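*Asks:* Sharing final-v7.pdb (PDB, C-alpha atoms (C1' of nucleotides) and all ligand atoms) below.
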```pdb
ATOM      1  CA  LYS A   1     122.940  93.275 109.047  1.00  0.00           C
ATOM      2  CA  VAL A   2     120.386  90.596 108.159  1.00  0.00           C
ATOM      3  CA  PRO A   3     117.131  90.345 110.168  1.00  0.00           C
ATOM      4  CA  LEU A   4     116.712  86.795 111.471  1.00  0.00           C
ATOM      5  CA  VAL A   5     113.432  85.892 113.190  1.00  0.00           C
ATOM      6  CA  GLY A   6     114.934  83.047 115.166  1.00  0.00           C
ATOM      7  CA  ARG A   7     117.487  81.381 112.873  1.00  0.00           C
ATOM      8  CA  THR A   8     115.345  82.001 109.779  1.00  0.00           C
ATOM      9  CA  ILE A   9     114.385  84.675 107.269  1.00  0.00           C
ATOM     10  CA  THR A  10     111.839  87.274 108.369  1.00  0.00           C
ATOM     11  CA  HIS A  11     109.648  87.146 105.255  1.00  0.00           C
ATOM     12  CA  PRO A  12     109.878  85.942 101.643  1.00  0.00           C
ATOM     13  CA  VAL A  13     111.945  88.065  99.262  1.00  0.00           C
ATOM     14  CA  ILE A  14     113.028  88.019  95.623  1.00  0.00           C
ATOM     15  CA  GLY A  15     116.282  89.756  94.764  1.00  0.00           C
ATOM     16  CA  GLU A  16     117.895  90.400  91.387  1.00  0.00           C
ATOM     17  CA  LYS A  17     121.151  92.095  90.403  1.00  0.00           C
ATOM     18  CA  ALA A  18     121.900  92.167  86.679  1.00  0.00           C
ATOM     19  CA  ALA A  19     120.491  88.724  85.787  1.00  0.00           C
ATOM     20  CA  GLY A  20     120.818  86.486  88.823  1.00  0.00           C
ATOM     21  CA  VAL A  21     117.353  86.256  90.373  1.00  0.00           C
ATOM     22  CA  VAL A  22     117.263  84.578  93.790  1.00  0.00           C
ATOM     23  CA  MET A  23     114.083  83.703  95.684  1.00  0.00           C
ATOM     24  CA  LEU A  24     114.175  83.285  99.470  1.00  0.00           C
ATOM     25  CA  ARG A  25     111.461  82.038 101.814  1.00  0.00           C
ATOM     26  CA  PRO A  26     111.594  81.369 105.561  1.00  0.00           C
ATOM     27  CA  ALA A  27     111.274  77.768 106.677  1.00  0.00           C
ATOM     28  CA  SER A  28     110.310  75.950 109.844  1.00  0.00           C
ATOM     29  CA  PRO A  29     113.144  75.169 112.273  1.00  0.00           C
ATOM     30  CA  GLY A  30     115.188  72.145 111.283  1.00  0.00           C
ATOM     31  CA  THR A  31     114.632  72.630 107.552  1.00  0.00           C
ATOM     32  CA  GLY A  32     118.223  73.676 106.896  1.00  0.00           C
ATOM     33  CA  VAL A  33     119.655  75.825 104.137  1.00  0.00           C
ATOM     34  CA  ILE A  34     117.951  74.425 101.035  1.00  0.00           C
ATOM     35  CA  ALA A  35     119.934  76.578  98.626  1.00  0.00           C
ATOM     36  CA  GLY A  36     122.359  76.402  95.747  1.00  0.00           C
ATOM     37  CA  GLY A  37     126.093  76.524  96.369  1.00  0.00           C
ATOM     38  CA  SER A  38     126.764  80.259  96.142  1.00  0.00           C
ATOM     39  CA  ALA A  39     123.480  81.380  97.705  1.00  0.00           C
ATOM     40  CA  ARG A  40     123.866  78.662 100.334  1.00  0.00           C
ATOM     41  CA  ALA A  41     127.340  79.948 101.201  1.00  0.00           C
ATOM     42  CA  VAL A  42     125.969  83.491 101.477  1.00  0.00           C
ATOM     43  CA  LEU A  43     123.143  82.361 103.765  1.00  0.00           C
ATOM     44  CA  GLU A  44     125.388  80.149 105.907  1.00  0.00           C
ATOM     45  CA  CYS A  45     127.797  83.043 106.435  1.00  0.00           C
ATOM     46  CA  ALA A  46     124.859  85.345 107.209  1.00  0.00           C
ATOM     47  CA  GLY A  47     123.781  82.836 109.866  1.00  0.00           C
ATOM     48  CA  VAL A  48     120.425  81.733 108.446  1.00  0.00           C
ATOM     49  CA  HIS A  49     119.822  78.103 109.394  1.00  0.00           C
ATOM     50  CA  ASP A  50     116.331  77.450 107.952  1.00  0.00           C
ATOM     51  CA  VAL A  51     115.703  78.928 104.509  1.00  0.00           C
ATOM     52  CA  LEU A  52     114.465  77.893 101.062  1.00  0.00           C
ATOM     53  CA  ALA A  53     116.408  79.593  98.263  1.00  0.00           C
ATOM     54  CA  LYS A  54     115.951  79.103  94.526  1.00  0.00           C
ATOM     55  CA  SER A  55     118.141  80.472  91.739  1.00  0.00           C
ATOM     56  CA  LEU A  56     116.149  81.807  88.790  1.00  0.00           C
ATOM     57  CA  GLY A  57     117.832  83.425  85.825  1.00  0.00           C
ATOM     58  CA  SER A  58     121.531  83.126  85.105  1.00  0.00           C
ATOM     59  CA  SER A  59     123.654  80.666  87.068  1.00  0.00           C
ATOM     60  CA  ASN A  60     126.840  82.755  87.099  1.00  0.00           C
ATOM     61  CA  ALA A  61     128.252  82.612  90.617  1.00  0.00           C
ATOM     62  CA  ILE A  62     129.013  86.333  90.976  1.00  0.00           C
ATOM     63  CA  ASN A  63     125.580  87.462  89.789  1.00  0.00           C
ATOM     64  CA  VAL A  64     123.779  84.828  91.869  1.00  0.00           C
ATOM     65  CA  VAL A  65     125.740  86.033  94.901  1.00  0.00           C
ATOM     66  CA  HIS A  66     124.748  89.657  94.271  1.00  0.00           C
ATOM     67  CA  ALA A  67     121.122  88.596  93.822  1.00  0.00           C
ATOM     68  CA  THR A  68     121.175  86.721  97.127  1.00  0.00           C
ATOM     69  CA  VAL A  69     122.792  89.792  98.690  1.00  0.00           C
ATOM     70  CA  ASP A  70     120.126  92.256  97.612  1.00  0.00           C
ATOM     71  CA  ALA A  71     117.404  89.710  98.366  1.00  0.00           C
ATOM     72  CA  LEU A  72     118.702  89.722 101.938  1.00  0.00           C
ATOM     73  CA  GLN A  73     118.992  93.524 101.897  1.00  0.00           C
ATOM     74  CA  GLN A  74     115.321  93.721 100.893  1.00  0.00           C
ATOM     75  CA  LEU A  75     114.468  92.033 104.202  1.00  0.00           C
ATOM     76  CA  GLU A  76     112.474  94.359 106.431  1.00  0.00           C
ATOM     77  CA  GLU A  77     112.661  93.694 110.164  1.00  0.00           C
ATOM     78  CA  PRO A  78     109.287  93.708 111.988  1.00  0.00           C
ATOM     79  CA  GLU A  79     110.130  96.607 114.320  1.00  0.00           C
ATOM     80  CA  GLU A  80     111.177  98.761 111.378  1.00  0.00           C
ATOM     81  CA  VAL A  81     108.024  97.685 109.520  1.00  0.00           C
ATOM     82  CA  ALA A  82     106.058  98.993 112.499  1.00  0.00           C
ATOM     83  CA  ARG A  83     108.072 102.212 112.433  1.00  0.00           C
ATOM     84  CA  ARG A  84     107.368 102.518 108.705  1.00  0.00           C
ATOM     85  CA  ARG A  85     103.627 102.039 109.171  1.00  0.00           C
ATOM     86  CA  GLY A  86     103.388 104.151 112.328  1.00  0.00           C
ATOM     87  CA  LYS A  87     101.987 101.226 114.319  1.00  0.00           C
ATOM     88  CA  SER A  88     103.085  98.474 116.695  1.00  0.00           C
ATOM     89  CA  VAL A  89     104.554  95.048 116.018  1.00  0.00           C
ATOM     90  CA  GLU A  90     101.571  93.485 117.790  1.00  0.00           C
ATOM     91  CA  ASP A  91      99.324  95.375 115.356  1.00  0.00           C
ATOM     92  CA  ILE A  92     101.215  94.698 112.107  1.00  0.00           C
ATOM     93  CA  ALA A  93     102.965  91.379 112.339  1.00  0.00           C
ATOM     94  CA  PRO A  94     101.858  87.740 112.732  1.00  0.00           C
ATOM     95  CA  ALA A  95     101.485  86.476 116.282  1.00  0.00           C
ATOM     96  CA  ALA A  96     103.209  83.206 115.390  1.00  0.00           C
ATOM     97  CA  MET A  97     106.248  85.075 114.054  1.00  0.00           C
ATOM     98  CA  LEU A  98     106.464  87.263 117.152  1.00  0.00           C
ATOM     99  CA  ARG A  99     106.065  84.258 119.445  1.00  0.00           C
ATOM    100  CA  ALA A 100     108.748  82.267 117.625  1.00  0.00           C
ATOM    101  CA  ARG A 101     110.958  85.319 118.058  1.00  0.00           C
ATOM    102  CA  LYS A 102     110.397  85.180 121.830  1.00  0.00           C
ATOM    103  CA  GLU A 103     111.203  81.466 122.072  1.00  0.00           C
ATOM    104  CA  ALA A 104     114.303  82.016 119.936  1.00  0.00           C
ATOM    105  CA  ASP A 105     115.401  84.886 122.183  1.00  0.00           C
ATOM    106  CA  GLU A 106     114.805  82.879 125.360  1.00  0.00           C
ATOM    107  CA  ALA A 107     116.588  79.776 124.050  1.00  0.00           C
ATOM    108  CA  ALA A 108     119.326  82.286 123.195  1.00  0.00           C
ATOM    109  CA  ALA A 109     119.206  83.470 126.830  1.00  0.00           C
ATOM    110  CA  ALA A 110     119.609  79.853 127.983  1.00  0.00           C
ATOM    111  CA  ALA A 111     122.668  79.351 125.734  1.00  0.00           C
ATOM    112  CA  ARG A 112     124.252  82.666 126.899  1.00  0.00           C
ATOM    113  CA  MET A 113     123.826  81.944 130.646  1.00  0.00           C
ATOM    114  CA  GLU A 114     125.092  78.343 130.170  1.00  0.00           C
ATOM    115  CA  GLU A 115     128.247  79.611 128.339  1.00  0.00           C
TER
ATOM    116  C1'   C B   1      97.288  87.247 113.717  1.00  0.00           C
ATOM    117  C1'   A B   2     103.360  82.687 109.567  1.00  0.00           C
ATOM    118  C1'   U B   3     105.063  78.643 106.791  1.00  0.00           C
ATOM    119  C1'   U B   4     106.061  72.648 106.277  1.00  0.00           C
ATOM    120  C1'   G B   5     107.803  73.570 100.984  1.00  0.00           C
ATOM    121  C1'   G B   6     111.522  75.009  95.979  1.00  0.00           C
ATOM    122  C1'   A B   7     119.855  73.223  96.000  1.00  0.00           C
ATOM    123  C1'   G B   8     122.300  72.732  91.151  1.00  0.00           C
ATOM    124  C1'   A B   9     126.690  71.237  87.684  1.00  0.00           C
ATOM    125  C1'   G B  10     129.350  70.924  82.842  1.00  0.00           C
ATOM    126  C1'   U B  11     129.752  73.003  78.041  1.00  0.00           C
ATOM    127  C1'   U B  12     130.156  78.780  72.849  1.00  0.00           C
ATOM    128  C1'   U B  13     135.424  82.882  74.427  1.00  0.00           C
ATOM    129  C1'   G B  14     142.147  84.497  74.519  1.00  0.00           C
ATOM    130  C1'   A B  15     139.186  86.269  78.692  1.00  0.00           C
ATOM    131  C1'   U B  16     134.199  88.325  80.219  1.00  0.00           C
ATOM    132  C1'   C B  17     128.789  88.989  80.770  1.00  0.00           C
ATOM    133  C1'   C B  18     124.152  87.679  78.740  1.00  0.00           C
ATOM    134  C1'   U B  19     121.059  84.688  75.796  1.00  0.00           C
ATOM    135  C1'   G B  20     120.571  79.661  74.651  1.00  0.00           C
ATOM    136  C1'   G B  21     120.376  74.506  73.586  1.00  0.00           C
ATOM    137  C1'   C B  22     122.582  69.966  74.860  1.00  0.00           C
ATOM    138  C1'   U B  23     124.302  66.579  78.990  1.00  0.00           C
ATOM    139  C1'   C B  24     124.307  64.963  84.157  1.00  0.00           C
ATOM    140  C1'   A B  25     123.284  64.270  89.724  1.00  0.00           C
ATOM    141  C1'   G B  26     117.016  62.569  92.005  1.00  0.00           C
ATOM    142  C1'   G B  27     112.627  59.546  92.042  1.00  0.00           C
ATOM    143  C1'   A B  28     109.888  55.650  89.685  1.00  0.00           C
ATOM    144  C1'   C B  29     108.463  50.852  86.920  1.00  0.00           C
ATOM    145  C1'   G B  30     103.480  44.918  85.676  1.00  0.00           C
ATOM    146  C1'   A B  31     110.196  46.034  83.161  1.00  0.00           C
ATOM    147  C1'   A B  32     114.352  43.282  80.382  1.00  0.00           C
ATOM    148  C1'   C B  33     119.729  42.236  80.265  1.00  0.00           C
ATOM    149  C1'   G B  34     124.846  41.363  82.554  1.00  0.00           C
ATOM    150  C1'   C B  35     127.549  39.708  86.956  1.00  0.00           C
ATOM    151  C1'   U B  36     126.192  37.643  91.507  1.00  0.00           C
ATOM    152  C1'   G B  37     122.916  35.207  94.891  1.00  0.00           C
ATOM    153  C1'   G B  38     121.610  33.017 101.979  1.00  0.00           C
ATOM    154  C1'   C B  39     116.711  33.134 104.416  1.00  0.00           C
ATOM    155  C1'   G B  40     111.974  34.861 105.821  1.00  0.00           C
ATOM    156  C1'   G B  41     107.351  38.066 105.618  1.00  0.00           C
ATOM    157  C1'   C B  42     103.825  40.565 102.281  1.00  0.00           C
ATOM    158  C1'   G B  43     102.622  41.483  97.355  1.00  0.00           C
ATOM    159  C1'   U B  44     103.070  40.913  92.114  1.00  0.00           C
ATOM    160  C1'   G B  45     103.940  37.834  87.473  1.00  0.00           C
ATOM    161  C1'   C B  46     102.020  37.459  78.559  1.00  0.00           C
ATOM    162  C1'   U B  47     102.673  45.005  78.651  1.00  0.00           C
ATOM    163  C1'   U B  48     103.863  41.478  72.276  1.00  0.00           C
ATOM    164  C1'   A B  49      99.756  37.548  68.528  1.00  0.00           C
ATOM    165  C1'   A B  50      91.526  39.989  70.426  1.00  0.00           C
ATOM    166  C1'   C B  51      97.543  34.689  67.229  1.00  0.00           C
ATOM    167  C1'   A B  52      96.131  29.324  66.323  1.00  0.00           C
ATOM    168  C1'   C B  53      94.900  25.644  70.424  1.00  0.00           C
ATOM    169  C1'   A B  54      95.904  18.884  72.026  1.00  0.00           C
ATOM    170  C1'   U B  55      94.233  17.223  77.164  1.00  0.00           C
ATOM    171  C1'   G B  56      91.594  17.538  82.030  1.00  0.00           C
ATOM    172  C1'   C B  57      88.486  20.659  84.705  1.00  0.00           C
ATOM    173  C1'   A B  58      85.592  25.723  85.089  1.00  0.00           C
ATOM    174  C1'   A B  59      77.126  24.881  86.140  1.00  0.00           C
ATOM    175  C1'   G B  60      74.483  22.542  88.013  1.00  0.00           C
ATOM    176  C1'   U B  61      70.721  21.091  91.382  1.00  0.00           C
ATOM    177  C1'   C B  62      65.703  19.135  93.096  1.00  0.00           C
ATOM    178  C1'   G B  63      62.444  12.008  94.476  1.00  0.00           C
ATOM    179  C1'   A B  64      58.924  16.856  99.921  1.00  0.00           C
ATOM    180  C1'   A B  65      56.317  18.371  91.412  1.00  0.00           C
ATOM    181  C1'   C B  66      55.963  13.271  87.967  1.00  0.00           C
ATOM    182  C1'   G B  67      55.887   8.346  85.507  1.00  0.00           C
ATOM    183  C1'   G B  68      58.982   5.431  87.158  1.00  0.00           C
ATOM    184  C1'   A B  69      63.379   1.319  88.573  1.00  0.00           C
ATOM    185  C1'   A B  70      69.079   1.254  84.723  1.00  0.00           C
ATOM    186  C1'   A B  71      72.698   0.970  89.243  1.00  0.00           C
ATOM    187  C1'   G B  72      73.843   0.605  94.731  1.00  0.00           C
ATOM    188  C1'   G B  73      70.606  -0.798  99.536  1.00  0.00           C
ATOM    189  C1'   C B  74      66.847  -3.636 102.541  1.00  0.00           C
ATOM    190  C1'   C B  75      63.214  -7.649 102.436  1.00  0.00           C
ATOM    191  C1'   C B  76      62.208 -12.692  99.595  1.00  0.00           C
TER
HETATM  192 MG    MG C 201     115.686  89.994  83.687  1.00  0.00          MG
HETATM  193 MG    MG C 202     130.822  82.452  69.549  1.00  0.00          MG
HETATM  194 MG    MG C 203     136.620  76.382  75.755  1.00  0.00          MG
END
```
Would you encode the structure as structure tokens?
Ligand SMILES: [Mg+2]
Ligand SMILES: [Mg+2]
Ligand SMILES: [Mg+2]
*Replies:*
Amino acid sequence: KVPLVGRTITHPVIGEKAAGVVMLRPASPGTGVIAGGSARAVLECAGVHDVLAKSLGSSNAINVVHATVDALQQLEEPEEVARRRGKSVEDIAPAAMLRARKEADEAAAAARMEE
RNA sequence: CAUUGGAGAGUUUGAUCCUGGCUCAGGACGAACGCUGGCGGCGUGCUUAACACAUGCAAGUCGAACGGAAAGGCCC
């Protein structure tokens, strides 16, 4: 599973397997998947629609894919961050991020009911 | 107590991974060249020889400072 805060990455990450470093940052809605071919394919399959991904280190497709994979695995969903810190999401995480999560969920509700 | 923002590709090997250079996709210009060329709007136009320059023009004005009267102008 990949934690998406409304069609985008939860928080910036930097993953690296072997030598394939991949940097990921969340982006505002409508930004798209600004990523290289392999990392872009990984993100598009994961369902991220607004992300900025850069490929540092080697450009080998397999290693870049593994680096994108563990960069995504390093993602830490806000509820589990709160569980980690023994606090609440309203106490640990940015209000804008939480709000955007509510509007994403509600727009999701709209889509579901419309089905 | 969130962001307005980051894409790669080819090429060392029989094959692989890494390192690594080289090359390319983008944008730009006070540009030139080739082919081509309808119009309008707004800009811009010797980057080199601070090289040598024909010709015209680019700094005059004041008679309410002055003697005046060479012209035009009035009066004989
Ligand atoms: Mg390394
Ligand atoms: Mg060799
Ligand atoms: Mg070969």
*Asks:* Report the residues retrieved by the PyMOL selection byres (((not hetatm)) within 12 of (chain C and resi 203)) from the displayed file, expressed as JSON, numbers by chain.
*Replies:* {"B": [10, 11, 12, 13, 14, 15]}
*Asks:* When the cut-off is 9 Å and we count only C-alpha atoms (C1' of nucleotides), which residues of chain A are near chain B, given as a ChimeraX atom specification?
*Replies:* /A:11,19,25-28,31,33-37,40,52-55,58,90-97
*Asks:* Could you list, as a ChimeraX atom specification, every residue matched by the PyMOL selection byres (((chain B and resi 41-49) around 8) and not hetatm) in this structure?
*Replies:* /B:30,40,51
*Asks:* Where does the PyMOL selection byres (((not hetatm)) within 8 of (chain C and resi 201)) land in this file, that is, which residues does it pick, as a ChimeraX atom specification?
*Replies:* /A:18-19,21,57
*Asks:* What does the distance from atom CA of residue A:51 to atom CA of residue A:8 come to in Å, to one decimal?
*Replies:* 6.1 Å
*Asks:* Might you pull out every residue within 8 Å of residue A:10, with only C-alpha atoms (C1' of nucleotides) counted and same-chain residues fewer than 5 positions away left off, and present them as a CSV table (one decimal) with C-alpha atoms, keeping the file's coordinate frame?
*Replies:*
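Generated file (part.csv):
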```
chain,number,residue,atom,x,y,z
A,3,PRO,CA,117.1,90.3,110.2
A,4,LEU,CA,116.7,86.8,111.5
A,5,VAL,CA,113.4,85.9,113.2
A,26,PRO,CA,111.6,81.4,105.6
A,75,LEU,CA,114.5,92.0,104.2
A,76,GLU,CA,112.5,94.4,106.4
A,77,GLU,CA,112.7,93.7,110.2
A,78,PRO,CA,109.3,93.7,112.0
```
*Asks:* Provide an axis-aligned box for all listed atoms of stretch 25-32 of chain B, padding each side by 3 Å; report its centre and its edge lengths in Å to one decimal, as lines of an AutoDock Vina configuration file.
*Replies:*
```
center_x = 113.4
center_y = 53.8
center_z = 86.2
size_x = 25.8
size_y = 27.0
size_z = 17.7
```
*Asks:* What's the separation between atom CA of residue A:2 and atom CA of residue A:104, in Å to one decimal place?
*Replies:* 15.8 Å
*Asks:* What is the atom CA of residue A:110-atom CA of residue A:88 distance in Å, reported with one decimal?
*Replies:*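 Spanning atom CA of residue A:110 to atom CA of residue A:88 is a straight-line distance of 27.3 Å.
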*Asks:* Name the closest residue to residue A:64 among the candidates A:41, A:9, A:112, A:29; distances are taken between atoms, counting all atoms listed in the file.
*Replies:*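 Counting all atoms listed in the file, the residue closest to residue A:64 is A:41.
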*Asks:* List as an mmCIF file with C-alpha atoms, keeping the file's coordinate frame the protein and nucleic acid residues near residue A:14, meaning an atom at most 7 Å away when all atoms listed in the file are counted, but skip any in the same chain fewer than 5 places from it.
*Replies:*
```cif
data_model
loop_
_atom_site.group_PDB
_atom_site.id
_atom_site.type_symbol
_atom_site.label_atom_id
_atom_site.label_comp_id
_atom_site.auth_asym_id
_atom_site.auth_seq_id
_atom_site.Cartn_x
_atom_site.Cartn_y
_atom_site.Cartn_z
ATOM 1 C CA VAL A 22 117.263 84.578 93.790
ATOM 2 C CA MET A 23 114.083 83.703 95.684
ATOM 3 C CA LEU A 24 114.175 83.285 99.470
ATOM 4 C CA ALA A 71 117.404 89.710 98.366
#
```
